[PDB]
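Some notes on the structure that comes next.
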Amino acid sequence: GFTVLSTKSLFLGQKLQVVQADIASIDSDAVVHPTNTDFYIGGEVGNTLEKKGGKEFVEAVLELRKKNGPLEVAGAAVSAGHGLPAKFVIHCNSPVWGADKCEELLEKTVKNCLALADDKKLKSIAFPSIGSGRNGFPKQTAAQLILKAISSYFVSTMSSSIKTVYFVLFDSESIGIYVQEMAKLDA
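If you read the sequence shown in the authors' numbering, its first letter stands for residue 182, the second for the next number, and so on.
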């Protein structure tokens with residue numbers, strides 16, 4: 182299942198929503214997959230995507246690694262969401278906490294995801310908690326940078342097709358954080 186916990190309707194038309202769900206089951210047009218520069222599949226998200234999409238999901242990622250080569254820090258790249266409810270999967274390589282411009286790099290990362298979804302005229306994108314796992318970002322900092330990036334992007338990209346963004350979270354503390362942070366946005 183998939184239940185909406187909290188919604189922030191932005192002034193420029195976009196719905197931001199917080200959900201608890203297996204991100205792999207989200208009916209969304211795109212799903213974000215935090216990876217490293219070699220399209221490694223693990224972590225929370227790597228493993229559920231694989232759990233859901235099996236060989237197909239994995240074949241597409243491998244194909245994508247051949248074509249794309251290494252993913253720069255902040256870079257994203259798309260694979261087709263074969264064997265997943267999602268139509269596309271956007272792989273991104275977030276910066277590591279403590280690196281210079283780690284914060285700036287993370288805003289870039291989020292914008293790259295969004296630009297790629299707009300690049301394919303996608304109308305929704307599901308973000309998991311980017312950065313805050315193994316990339317070591319505090320949950321408050323990650324949440325604030327992400328939501329700032331997203332707000333910046335939309336006010337700065339009028340041609341954007343994206344109408345809904347999901348923040349998919351498994352734990353209560355993270356949910357409470359996103360909920361508070363979204364609520365601070367109007368712009």
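Cβ atoms here follow ideal geometry from the backbone N, Cα and C, with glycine treated the same way.
Practice prompt. Reducing DSSP to helix, strand and coil, say where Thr218 ends up.
Written response: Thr218: coil per DSSP, three-state reduction.
Fill in: Opposing strand residues paired with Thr338 [DSSP bridges]
DSSP lists no partner for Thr338.
Discussion item. What does the alpha-carbon distance come out to for the pair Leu230 and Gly262?
Written reply: The straight-line gap separating the alpha-carbon atoms of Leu230 and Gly262 is approximately 10 Å.
Worksheet item: Starting from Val259 and walking both ways along the beta strand (DSSP E), at which residues does that stretch end?
Response: Here the beta strand (DSSP E) through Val259 covers 257-261.
Discussion item. At the level of alpha carbons, what is the spacing between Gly256 and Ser275?
Written reply: Near 8 Å, if we compare the C-alpha coordinates of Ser275 and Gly256.
Discussion item. Just to confirm before moving on: does the CB-CB distance between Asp203 and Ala267 stay below 8 Å?
Written reply: No, Cβ-Cβ distance for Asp203 and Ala267 is not below 8 Å.
Discussion item. Please report the distance separating the alpha-carbon of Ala324 from that of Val291.
Written reply: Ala324 and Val291: Cα-Cα distance of roughly 11 Å.
Item to complete: For my contact list, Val226 and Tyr347 are in at a C-beta cut-off of 8 Å; report their separation, rounded to the angstrom.
Response: About 13 Å; that fails the 8 Å criterion.
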